[PDB]
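Residue numbers (my numbering), protein chains in the order written: chain A, 149 to 270; chain B, 14 to 1031; chain C, 38 to 134; chain D, 26 to 52; chain E, 8 to 56; chain F, 150 to 560; chain G, -3 to 212. For each residue, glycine too, the CB sits at the ideal point set by N, CA and C.
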């Protein structure tokens, strides 16, 4: 599966029309397919590496686990009601919009932090 | 009258843990005088027990002078006594010898006995006469005067001459915490409703005793209520009046919720034998009553007359008239029962008596079969049988086979198959369902018959019955509703006259119009003579024109009678929707369930195989039906309502109707307790909070359930006293473990309904529970130490204290070098002078000189060994052993520290009384606490518990001015918050940890008016 | 067969034989209720048949549990204390050839 | 311990075992 | 089954009397003699033909 | 009858799943019996007769506050449509008779842990089709939603038709005189909890008038002197537990009828409510009325928690609303005494003491809730005490407003 | 509440005739409309549902009708979940017939048994029970974006499915073609694969089709 997760707005029976993008106070949960976790993990992995320099210099804020930006919702996840109907995913791992924002600006803020030290080490 | 004995006032102070003064203080006069004072020398009984050792043993109602016993109680004899006899209420009787107590089934007993401890406390706290105090002890106060029970109640009123350990305590008692507090009285000059007062009484008994008043309420109704509940019940007819005026207080527990009811209706259907015989004293009961009151006089003459007056030439052999005159004659027991049978179709559905069918050897030229078959039809709708229609269709379809051929479904069922034999739903003539199918040019007559039955079989309908404020016993119909065969009309308050409208009447008119067509048809016309065939038309028209008052009755007055009579009846109506000719909705089975198909893997298996199917059918006779139906006359000057308002007066004036209303409540209890009792002693079943999981239980076998589930059924049968079968039948299939109710019919088509009555939210599934929470906390008060038992040869001289052990217990399980005993407990001997190895747990023989942990069970199938190799060892003082048994019963034995003693034999004997079956209550020797500082003889002890099981010591030297060698145990204040704590607030109690032997509590003065105490009927 | 489990409501209704005794009675209850039965079976007596066959099915027999948890442990032993050991050809359910 | 008492009751409302033992010892 | 029933104690008490009768060893003994009476019978009849 | 109820579940106070233990489900909704009209079988004539102190449920209201949470997790039907199951537990049948371990082969779809789910007795087409039977579940979800829409004390409703007491309502009460506030809510609750009774039924007026008088008493006005049609509640003298209440038909001046329809939603405001058997039996009772009558109108939004805004069918904000007042037992009782003091009921020097007496009492039912609060955390997945932060205790809520709403209600 | 035992209770939510009535069909079932005797309860539904459909068919903007719909509605003893009983199937179709949907097959002005039966037949035929508008016992959810304008009282909730496929507009009736009309074929975009577009034909084609030759 891929795309934002949808759920039967009309309840129970999902008819390919009942489904609607499950949006809410956090934005829209978009599914985090297996490979797309490889990236955000590979990105965070390259930051955690600099752990000993984050504590030394009191910056940072602990190791960044990708499991802090996601969730375990479940529903049908596709690109449109029609095709999302063929991807019933249970307890998949989705990242809400407002989260897709932090995992972004965090990896960005930390990326600066290390980009600097990482330059001296070099 | 077998109604549970609910109201049971108790005047004497409600408390169930008396401070039983045990080992008495020695009256000594020669030496050391003055050390111990006895209230006795001042001719004045001591409030608190005065002895060298005062245990707080528990005796339900010890000080309960209040008139009338509850029947059963639980009085443990002080630890000094044996006690085990009080715990063998199950899994013991004829297996574990006297001396002992079955340790394996311990919980099953400490629970079965706590239930016992509760029911015994289900009395109302009645208020007594609080008089002032002219004496200076309380200067005016409101103490409640009782005989000697006074002294024992208010401990505060005690007169203290010397600083005796008691007086040490009592001294404190907050002066103002005595007598009563808030007598809340309304009618000035009438007795007070509920006075409120502090007075020696344990927070626990109090709790139960008041979670009972809470119950008597759950089944009460102010007057303006109980009046309507009564009105509606007789359909407003029946003049009863309530006086609008303040009636101080009136606790009259006559009502049970609709749910508490159903739990007993299904419950009642379990004991009833599905056989037709057990449902016969269920219909005949409603039939003797139906007649008892009914403006419907049956009068043969009418019919006889109307028929005798049709001309008939006697130059004829067959006598059209003489025929029916014979046939129509086999008494009215049949008409009534047909009706009465409607009230309980669920249990029994009436049927056309097989014998009363034209026999299958004649065709329709036979005139005695033409009349026989006419009488099958008319009486058709009367019987409740889910087939009467088809059977009626066949009866004729059958008899006129040669001329009229029709479709007949299954093989081995020809159109000439003895009509009656058409009982299954699947075998209905294909033409009969859909008459479209039967062709005229082949079976005209028969097609007009099928055509007729469908167009004129009575449309079922429902009416109300009973009061909506007082639930109802319905399992398949809405509450206060009864389905009914014939269309229904409201009772008329004017004058009745046999009318020719109405389903009944019309049904007789169209059907008698059909057989008039059968007679003037081709077949008939060619064979049967002419002039005779006219007589038959006349003999029928007469009938279809007799002024029968019954057609009316079955539609106006009968419904009132069934409704009003559906309350006086000793068993509530049990009905299943009447299906007016609807192929698929024919009810093949009305089933019930003793067990639930959940526990045994039966979730999927069909309904017909998991539930029992009531199989009770009555053979009504068509003759009787017709003769009645078609011949009812009334009293020319009659007011239907009036005649009833009269006929119901009696069976509605007394509150007998209210009785079954309680037998229901007591049933909803007995059941919820059993479900709890069995499931606790069981191991994880219907989610029942088990606050007794620590205690043991190794017998979970059904027998164990029935045994458990049985006593519980006694405790209640004894507690409320009620001969009637209650909580019985649930067993039947020999297995309480899965007791679960459920009723549910099955229509031929598929639909299975189901309607499993679950116990209503009951008041004792709390109380008992509540007691077990607290039992656990304060076991000792029942002779039941917890923790384990140590066996170490400590030969001291100081204050030996088996119970409350100071310091950490030596060597706990799994401690450094502390091997357990392998399951068998076997001891392997070793050659030429080597220690006998004791096979340890890991199964690697270890040696006796060390620290052992004896899993109790092991010690039971092994003593013969224990005593011969490890015992001689423990005495030598070289093998401290921990016998690890969950919760045991514990006998005490106070000896005298002065003299010497060696606790070995009061132990060796206990060992010699341990079978692989049961062990005797662990005995602990304890020195009697002295007053002076005596010289003591070095005694040798062995038994001493790890857990602090000294929780009922209460006091160490009541009368003594001070204990010197014994263990001083000043009356713990924590027990009497109400009595001595400044911060104590009237209305607080750590109820699930300690038991405040002195609280506040509302005593009532409830008046129990009878039905004439409320409304004035007549 | 299975090692003697601590008696409870589970092992005492789940035994091989409990299933057999059950599903059979279940099956015959539908046979005595066949349309064909009508030919000779009365409507009342057809119900009385379901009444009895259900009693059997629901009866709380404790042998099904014995013949599946406790009976093996007897034969296993009893089959050793006998002067003549047990001769026993393999069992086969429906495997025909 | 085989005994039809329970069975009889149950059935009776709505209305030595060598064979058995010579069936297990038969296996 | 009997109300009180500790499978452990029950089967124990029952199989006790059984192992008391050395019928388990009679089997091993009657056995080593049948094998003698056979390797000897088979031989004597196999030597005459 | 009445076939329409709208509920709202409790709020998982800054917590994950529903704050109720499995040990609880088998402590109220267990035993397989119908956990429905059971709410009341945990109350006594007073508080000193209950295990409502140091224990699994340390509060005279700690039961309902728990059973109410437990109801939230098992009401998905009214939320969506299906039955569902929360942790191996799901109603046995469509009638929601009781709870029971998930079957084995045909288990209901595992519930979806969501907080504050609205409810519609319509989202479940079987409910109304059986009405009579599962009637109870209605009045209950109602008891729930009246505690859920609130955070610190249930929100009941008050009335007073401009007419005199409905005769057969002065006769029904005069047979409940000596009876304590507890056993009154008893009949009240027990009544509107079985067989759909028409709001026209006698009892509803009576039990609705018994919730209007109780309030008048709780604010002096309807005192021993100024009675309603003849009734008023006499509270126990503070010094021996004033947390009492008994109905008493007197014969002093009858508080003249109001000049119009006096409607208002009043809820206890300080934590005090959680342990006052009278502040519950009373509120709980006033809710018995609403249960069998829909819901007067929309409860005002203003003073109410954050999770109770525009709660469709329940909360409001516009015209179909009724200003909701919240009183505090102490700031309340004080005025309740001043009223007595003004009607010569007591001495002028006795009210400056009556308060001492009672105020110390409230200080006791305060060091106790706080104790139980800092005893049963909340992060412990349970909520027998319901968080309250040592503050609300003094919180002089509306009070002054309801003390006036009482006068206009009994002029 | 009082008549909850009765088979079913139909009730007109849209402007009842003389005031809100509460029709209760007797238990018997009519002979003729279906080989399987249709219960009087369910037949009344068809007869009405077959109105809301035929009425929608020609209802126009300029005209003012008594009721914005003629469809009945089950209020008691009705199984909301399954779709077996003709009634359940009919009901399920009326919750849709209140939107203005019209049957492609013209419903005669004076329904005749032959016709009613041809409708009660089409209803029984295995299909998919419309799911856009879920069923209620006291409320008919009507599409907001639909011609139907709710009466007044508390019987009509403006529920909006997530994706209703119908748009509005009417259809002018056209007379029955006197002879088989040829149809020029104009193609779409998606194309079926020879394999699938073969059996598809062979699953519904008239293979051993008898044919006349005429004269060449």
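- Closest in alpha carbon position to residue 701(B), among 49(B), 709(B), 195(B), 685(B), is 685(B).
- Against chain B, a Cβ distance below 7 Å from residue 1(G) picks out 475, 490, 491, 494, 496, 590.
- With respect to the 7 Å criterion, residue 427(F) and residue 330(F) are classified as neighbours on the basis of their beta carbons.
- Cβ contact annotation for residue 628(B) (same chain, cutoff 6 Å, sequence separation greater than five): 287, in chain order.
- Taking a Cβ-Cβ cut-off of 9 Å, the neighbours of residue 40(D) in chain C comprise 85, 88, 89, 92, given in sequence order.
- Only those residues of the segment 28 to 53 of chain E whose C-beta falls short of 9 Å from the nearest C-beta of chain C are listed: 28, 30, 31, 33, 34, 37.
- Residue 195(G) sits in a helix when the DSSP states are folded into three classes.
- Rounded to whole angstroms, the gap between the alpha carbons of residue 256(B) and residue 481(F) is 38 Å.
- Rounded to whole angstroms, residue 193(B) and residue 155(B) show a C-alpha spacing of 6 Å.
- Within the segment 143 to 164 of chain G, 157, 158, 159, 160, 161 place their CB atoms closer than 8 Å to a CB of chain A, listed in sequence order.
- Residue 17(E) sits in a helix when the DSSP states are folded into three classes.
- For residue 215(A), none of the residues of chain G pass the 7 Å Cβ criterion, the least Cβ distance being about 32 Å.
- Taking a cut-off of 8 Å for Cβ pairs, the segment 541 to 560 of chain B and the segment 522 to 529 of chain B touch, as three or more such pairs fall below it.
- Residue range 109 to 120 is occupied by the alpha helix (DSSP H) that includes residue 119(G).
- Listed in chain order, the non-local C-beta contacts of residue 860(B) below 6 Å within the same chain comprise 848, 850, local neighbours out to five positions each way being set aside.
- In the DSSP annotation of this structure, the continuous segment of the beta strand (DSSP E) that includes residue 759(B) starts and ends at 752 to 760.
- Between the alpha carbons of residue 597(B) and residue 760(B) lies a gap of roughly 6 Å.
- Distance from residue 255(A) to residue 178(A) at the Cβ level is roughly 17 Å; contact not present, criterion being Cβ atoms closer than 8 Å.
- Listed in chain order, the positions of the segment 96 to 118 of chain C with a beta carbon within less than 8 Å of a beta carbon of chain D are 96, 97, 98, 100, 104, 108, 112.
- In the pairwise beta carbon analysis, the segment 22 to 40 of chain B is classified as touching the segment 962 to 978 of chain B: at least three pairs are separated by under 8 Å.
- Among the residues of chain B, none has a CB under 8 Å from the CB of residue 10(G); the nearest is roughly 28 Å distant.
- Each residue's CA atom was taken as its position, placing residue 55(B) and residue 158(B) some 21 Å apart.
- Not one beta carbon of chain F lies nearer than 7 Å to the beta carbon of residue 38(G).
- Neighbours of residue 230(F) in chain A, taken as residues whose beta carbon is under 8 Å from its own, are 159, 160 in chain order.
- Excluding sequence positions up to five before and after residue 790(B), its CB lies within less than 6 Å of the CB of 1006, all in the same chain and listed in chain order.
- By the Cβ neighbour-count rule, residue 184(G) is exposed, with fewer than 16 other Cβ atoms within 10 Å of its own.
- Taking a Cβ-Cβ threshold of 7 Å, none of the residues of chain F is close to residue 5(G); the smallest such distance is about 11 Å.
- Per the C-alpha coordinates, the member of 421(B), 944(B), 809(B), 920(B) positioned closest to residue 952(B) is 809(B).
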